[PDB]
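Any value given below was found using the heavy atoms of this structure, including those in side chains, with hydrogens, waters and symmetry copies removed. Note on naming: letters A, B, ... go to the chains in the order of the sequence lines (proteins, then strands), and numbering restarts at 1 for each one. Just so you know, ligand 1 is whichever comes first in the structure, and atom 1 is the first atom listed for that ligand.
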Amino acid sequence: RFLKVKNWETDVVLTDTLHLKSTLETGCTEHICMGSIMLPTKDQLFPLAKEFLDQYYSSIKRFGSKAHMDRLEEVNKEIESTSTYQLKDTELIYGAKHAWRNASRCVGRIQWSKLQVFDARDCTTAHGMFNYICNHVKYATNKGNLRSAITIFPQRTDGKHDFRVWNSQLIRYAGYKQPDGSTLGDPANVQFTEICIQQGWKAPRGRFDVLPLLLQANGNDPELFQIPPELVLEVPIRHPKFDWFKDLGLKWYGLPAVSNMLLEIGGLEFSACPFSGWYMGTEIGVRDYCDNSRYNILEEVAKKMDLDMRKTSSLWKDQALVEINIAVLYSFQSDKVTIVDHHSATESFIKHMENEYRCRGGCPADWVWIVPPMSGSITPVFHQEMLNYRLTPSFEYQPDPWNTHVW
Amino acid sequence: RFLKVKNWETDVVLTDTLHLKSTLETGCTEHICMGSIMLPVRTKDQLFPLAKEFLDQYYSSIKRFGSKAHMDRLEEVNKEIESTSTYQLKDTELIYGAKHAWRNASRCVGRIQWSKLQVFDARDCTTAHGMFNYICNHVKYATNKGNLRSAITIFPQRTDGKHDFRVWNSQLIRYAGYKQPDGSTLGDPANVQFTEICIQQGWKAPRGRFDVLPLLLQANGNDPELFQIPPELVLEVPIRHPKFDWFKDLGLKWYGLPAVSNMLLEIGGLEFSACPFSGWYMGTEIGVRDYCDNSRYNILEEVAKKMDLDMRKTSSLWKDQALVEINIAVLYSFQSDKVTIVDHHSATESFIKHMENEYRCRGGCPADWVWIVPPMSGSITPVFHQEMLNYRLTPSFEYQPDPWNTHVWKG
Ligand code: HEM
Ligand code: HEM
Ligand SMILES: NCc1cccc(OCc2ccc3ccc(N)nc3c2)c1
Ligand SMILES: NCc1cccc(OCc2ccc3ccc(N)nc3c2)c1
Ligand SMILES: C[C@H](O)[C@H](O)[C@H]1CNc2nc(N)[nH]c(=O)c2N1
Ligand SMILES: C[C@H](O)[C@H](O)[C@H]1CNc2nc(N)[nH]c(=O)c2N1
Ligand SMILES: [Zn+2]
């Protein structure tokens, strides 16, 4: 019931007790582990509220205080009466930071307590959402000195008045299915680039077009908005060695801003809660550039390096992969845009993990996601045993809106 | 109950039914996943259903389920269990068992090869000297002048747990490691503790950087004895790089044959505590883990210096760069000397084909993503994007505690 995790490079053993406060489920049973699966009423509500208020009031050294009991009473009264309840700003901020702190797949959690929370619960229209999102983008970007932030739109009431950002990220590059058969731009965004083109967007059918925003307020049909280019910080990709690298025609945006997740605090559901940090270099260079079902230019880069691409055993893909990631990092660092290499971030995470074991009794972590997509075993997280479990408040996945939307 | 796995790169969806035949526990619960944890005397009472389960599988595989051969074998085993409190496998059952143990090894990426295993029955062995002979023959057969062949040698099963056969070496061939007074290590830091035992047992250490460790062999529960593998049986490969000529002067080499020797083979409730098996290396085992793990030979630094890399910021990825060239050199050296090896691109691609075949022909393929994905360049291999299900099937290879921690000393 008290679990120990071992690091095999250092022999350090940590003891986990925090898992015992887990409430949601893993998908795993005693007979089968699903660790590598990517996507595993008034009476429901009060225990959920109680649990949260209990941990909130504990965090401020006022468990079993009049205020705590008062608040529990007030919330209880609101629930029976109104069929939902409203979070105080302090609770909203606490809940958002803890949803990040609890994100078992996030390697960047050492930064969890420094999150700027934007209360957008007074928003009523897509134009309102656009304004809030522009402000978020401007604030988070900070001329390249990136700052973590989240903007929270009104909570679900009854499933018919959902606020939803249809984009998966605030800033992404378009992708179009051509008649030649291949693909122009970002292959991940093909179906989405289509729906924009459908919904009225004029695609400049190019390769690196910043997608428009598709915003759904109060359950209504979604609306297109172009983000002001001066708010979209982009980074030209060059190599500190291959002068031919710039000729490839590659750039990327500085702000990773995930916008399709659901934020759960005290039983309440926030279906629209875009949040942003800054990139780990491998997200762009390994996944975004060199994945097959993405920009997939490993082949092209190796060509210009004149590597032997006849046999896989020359490791030309590995050689190219590294140089590319050197460039991404180089380009961002030159342009003074915040970025972290996977060696620094994983080192940071080990320290965060030990801090959390020390001050909280645990840190839920998903090894499958925490270990970087290149050079895994030369990073410290590879030899670190992790325990994965679901704590609340939390970020959850939700279905794409188009599959769901009652038009 | 059916379970689906999806490949996020191809959108191929497979359906698993095999997991229903799973018995052993994972460690996980609906409250927690222990998927990243490395390592989370048997009464006749529980032995018979284990034997029956195995015999049912066996006679199904040969299309004789419910046959008189099946039923008589069942009765024969039953009687032997209530009489002698254990039983003996036929050679045929033993070979099936060992092959299926490998087929069931969820952490093994090389399983496309599972049906080609040479099984050596060493169950008539009684002494450490006999163990040395069987192991020598295994090494010679498996090495095959560089044309490696998968093999397993199986020593007598456990009885009361007081007469165990054990190979104390973690692998049949490994380099010594010596802790120096100044805190630095000579040779392989992974083998320091074992090297000490050997030395204590009477081994005269050459105290070099690449000394092949002696075999420490325990028969029938007696104290282990030291043997030297004839050096002509240990095929080794000098490591050089195809473009960097200074690489040879690092003085590196590695042995050709990976032969894991500390695992326990379980078949039908029987436990074979000494069952050394061998295949061939995936390049990253040597070049990423053996050479570049900070807790092993750890030569990234010296390789990086000689490459004249920007070693100041990690963000130069000097570690990643050196890691690649080292792995190129390992593959190059082995191919050039015509010693069997496989790169991680080839091996993972083959595993995907194997896994798809297993889903079709068998209903599933237990796989441990944490172990299947290679320790470098993970996402540019096809296994990275593959959902996998992990569960435990028998026959199986299990971990067991190091023998020096459990052995009752005779004198
Ligand atoms: C500030 C620097 C940050 C860094 C370096 C970072 C890094 C990462 C990385 C590399 C991943 C894996 C994502 C992938 O491979 O697709 C990830 C996942 C994730 N991050 Fe962080 N992140 C940061 C900030 C944040 C913030 C501010 C939040 C929330 C407020 C957050 C919440 C999450 C969540 C929920 C996931 C998992 C998403 C999923 O389950 O699919 N991260 N992060
Ligand atoms: C023939 C070529 C083979 C290749 C290329 C191969 C590859 C691998 C690799 C790379 C690992 C991960 C090891 C690590 O990183 O520590 C592994 C694990 C494993 N292999 Fe295979 N293998 C082969 C043959 C075999 C054979 C012949 C057997 C048994 C008869 C076997 C049984 C296992 C088992 C039980 C594990 C799990 C080890 C553990 O749980 O610690 N493999 N294999
Ligand atoms: N890959 C599937 C999928 C679906 C939905 C969200 C998601 O999250 C990826 C993600 C989430 C948050 C991040 C925060 C910062 C960052 N640099 N990357 C981040 C990447 C991933
Ligand atoms: N690292 C923990 C540990 C402890 C004991 C054995 C072991 O085996 C790893 C292993 C097992 C079988 C293998 C078969 C072939 C091969 N090339 N490598 C292989 C590597 C691993
Ligand atoms: C903590 C983690 O379980 C441990 O370091 C594992 C990770 N994956 C691995 N994968 C392979 N193939 N071999 C290993 O030794 C390990 N070590
Ligand atoms: C099949 C597998 O679960 C899938 O490819 C996962 C693996 N690990 C990952 N790890 C991170 N950080 N991000 C990812 O998108 C994925 N994808
Ligand atoms: Zn699990």
Does ligand 4 have an atom under 4.0 Å from some heavy atom of B:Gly279? no
Considering only the protein, which heavy-atom contact is closest to [atom], and what is its distance?
atom	answer
atom 15 (C) of ligand 4	B:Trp280 O, 4.3 Å
atom 11 (C) of ligand 4	B:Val260 CG2, 3.3 Å
atom 38 (C) of ligand 1	A:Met261 SD, 4.0 Å
atom 1 (N) of ligand 4	B:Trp371 CH2, 4.0 Å
atom 14 (C) of ligand 1	A:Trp369 CZ3, 3.8 Å

Write 'none' if nothing qualifies; otherwise put on separate lines each N/O atom of ligand 5 with a protein N/O atom under 3.5 Å away and their distance to 0.1 Å.
unit_1: ligand 5; atom_1: 3 (O); unit_2: B:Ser36; atom_2: O; d: 2.6
unit_1: ligand 5; atom_1: 5 (O); unit_2: A:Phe382; atom_2: O; d: 2.7
unit_1: ligand 5; atom_1: 8 (N); unit_2: B:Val370; atom_2: O; d: 3.2
unit_1: ligand 5; atom_1: 12 (N); unit_2: B:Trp371; atom_2: O; d: 3.2
unit_1: ligand 5; atom_1: 15 (O); unit_2: B:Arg289; atom_2: NH1; d: 3.3

[X] side-chain N/O to [Y] backbone N/O, donor-acceptor pair under 3.5 Å:
X	Y	answer
A:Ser375	B:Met376	no
A:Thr379	A:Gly376	yes
B:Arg111	B:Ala105	yes
A:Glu385	A:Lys6	yes
B:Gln400	B:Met263	yes
A:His19	B:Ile32	no
A:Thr141	A:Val137	yes

If you measure only the distance, is there a donor-acceptor pair under 3.5 Å linking the side chains of [X] and [Y]?
X	Y	answer
B:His344	A:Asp318	yes
A:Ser148	A:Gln111	no
B:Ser261	B:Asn169	no
A:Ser344	A:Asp341	no
A:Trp252	A:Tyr173	no

Nitrogen or oxygen atoms of A:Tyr397 and ligand 1 under 3.5 Å apart: yes
For ligand 4, which is the ligand I care about here, please tell me if B:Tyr399 has any N or O atom under 3.5 Å from one of the ligand's N or O atoms. no
Can you confirm, on distance only, whether ligand 4 has an N/O atom lying under 3.5 Å from any N/O atom belonging to B:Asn262? no
List every atom of ligand 1 that sits less than 4.0 Å from any heavy atom of A:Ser148, numbering the atoms from 1 in the order shown and giving each element. 1 (C)
Against heavy atoms of A:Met280, which atoms of ligand 1 measure under 4.0 Å? 10 (C)
Going by a strict under-4.0 Å cutoff (protein heavy atoms only), does atom 7 (C) of ligand 4 have a neighbour on the protein? no
In the complex you have, is atom 20 (C) of ligand 4 within reach of the protein, judged by whether a heavy-atom distance drops under 4.0 Å? yes
Check each of A:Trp278, A:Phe275, A:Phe395 against atom 2 (C) of ligand 1 and report the one with the nearest heavy atom. A:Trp278
At a non-hydrogen distance cut-off of under 4.0 Å, which region of [X] contacts ligand 1 (side chain, backbone, both, or neither)?
X	answer
A:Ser276	backbone
A:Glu283	side chain
A:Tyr279	neither

What protein N/O/S atoms are there under 2.8 Å from atom 21 (Fe) of ligand 1, waters excluded? A:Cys106 SG
Heavy-atom side-chain contact between A:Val381 and A:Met386 under 4.5 Å: yes
Side chain proximity check, B:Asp188 to B:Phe194, heavy atoms < 4.5 angstrom: no
Cationic tip of A:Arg294 above A:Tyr289 ring, under 6.0 Å, 45° of axis: no
For A:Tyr389, run the side-chain hydrogen bond (donor to acceptor under 3.5 Å, both in side chains) check against A:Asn102, A:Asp366, A:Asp16 and tell me which one passes. A:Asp16
Could you check A:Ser394 against A:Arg390 for side-chain hydrogen bond (donor to acceptor under 3.5 Å, both in side chains), going step by step and ending with a plain yes or no? CA-CA 8 Å; A:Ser394 60; A:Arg390 313 230 313 174; 5.5 Å; no
So, B:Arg166 and B:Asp402, do they make that salt bridge, N to O below 4.0 Å? no
B:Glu285 heavy atoms, cut-off 4.0 Å: which ligand 4 atoms fall inside? 16 (C), 17 (N), 18 (N), 19 (C), 20 (C)
Quick check on A:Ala345 - does any of its heavy atoms sit under 4.0 Å from an atom of ligand 1? no
A:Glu347 CD: over 12 foreign heavy atoms closer than 6.0 Å: no
Within reach of ligand 4, part of B:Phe277 (heavy-atom separation under 4.0 Å): side chain
